[PDB]
Each structure stands twice: as structure tokens, then as C-alpha cells.
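The form solved without its partner chain is given below as one chain in C-alpha cells.
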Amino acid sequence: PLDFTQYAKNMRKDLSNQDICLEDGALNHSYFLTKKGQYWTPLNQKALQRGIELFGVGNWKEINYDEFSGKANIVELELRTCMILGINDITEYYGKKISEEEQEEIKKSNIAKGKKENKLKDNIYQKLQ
């Protein structure tokens, strides 16, 4: 005659760090699959996207100071950028600063092309070498 599940939420709201649980107060499994201290927050995702628009792809050292203060694995960036553009070889886009409007298109475009070619795995287009 106690609902533990509800009890969990309100506690999780005032007690647990913002990353740990969702606004509703549910607990977000994203934080818990990633190693601790390595979590990639929505908010600093916006920052990656913003960083590409300002400094361009493969500008990580320049991009890194501005948006991720320490901050983050230089590799994680490039891997995440591969995701933004929907390709798995990001080489083609390097040194080009791309607007958020355009990252959306490239990703949209790259994926459609991958789907037709039947070389899209995990929602990322695979690129021939």
C-alpha cells in the first residue's frame, strides 16, 4: 500500500542531478548506459551543432575551446558530427562550416540516398572507399 514508483519520482526530482532524471521525474537510462562523467547532455549537443556553424567541421581544437570548455573527447566530437550529417565518413565535409539549417538538410539528404542505395545502417549512410 505504497507506490514505490511514484515515491521514486518526487525524490528523484529534488534529490537527483538534472542529468539523472527526466522533468517528469522518471529516470533517464541514457545517463546510466554511458560511463559516469562522460554523459553527453542535450544542451551540449546543441553546442556541437552550434560549433560546426561557427567554426566548421574538423575545427575541433578551435571549436573545442568555445563550446566545450575542457571539454570532451576530440574523437567523440567527430563521431557525433558523423551523426549530425548522417554519413559515416565525414571526410567529405571537412573544414566547411555548416549552418544548423544545412546540417539538417545534409543529414536528410544523405540518409535518403543511403536508403535507396541500400547502404544505410543504423540510420547512418555508409560510404564507399
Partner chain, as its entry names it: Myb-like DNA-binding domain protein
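Residue numbers count along the first chain shown, from 1.
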Practice task
Between 50 to 58 and 99 to 107, point out the one with the higher average CA B-factor as the PDB entry records it.
Solution key: 50 to 58
Practice task
Select between 39 to 47 and 70 to 78 the stretch whose C-alpha atoms have the higher average B-factor in the entry.
Solution key: 70 to 78
Practice task
Quick one: classify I90 as lowest, middle or highest third of the chain based on its Cα B-factor.
Solution key: middle
Problem - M83 CA temperature factor, ranked by third within the chain - result: lowest
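Quick note: we don't show the form deposited with its partner chain bound, though the next part is all about it.
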Practice task
Would you kindly say which of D66, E53, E102, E76 lies with a heavy atom within 4.5 Å of its partner chain in the bound PDB entry?
Solution key: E76
Completion exercise
Taking its partner chain in the bound PDB entry and a 4.5 Å non-hydrogen atom cutoff, the residues of 18 to 54 making contact are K35, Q38
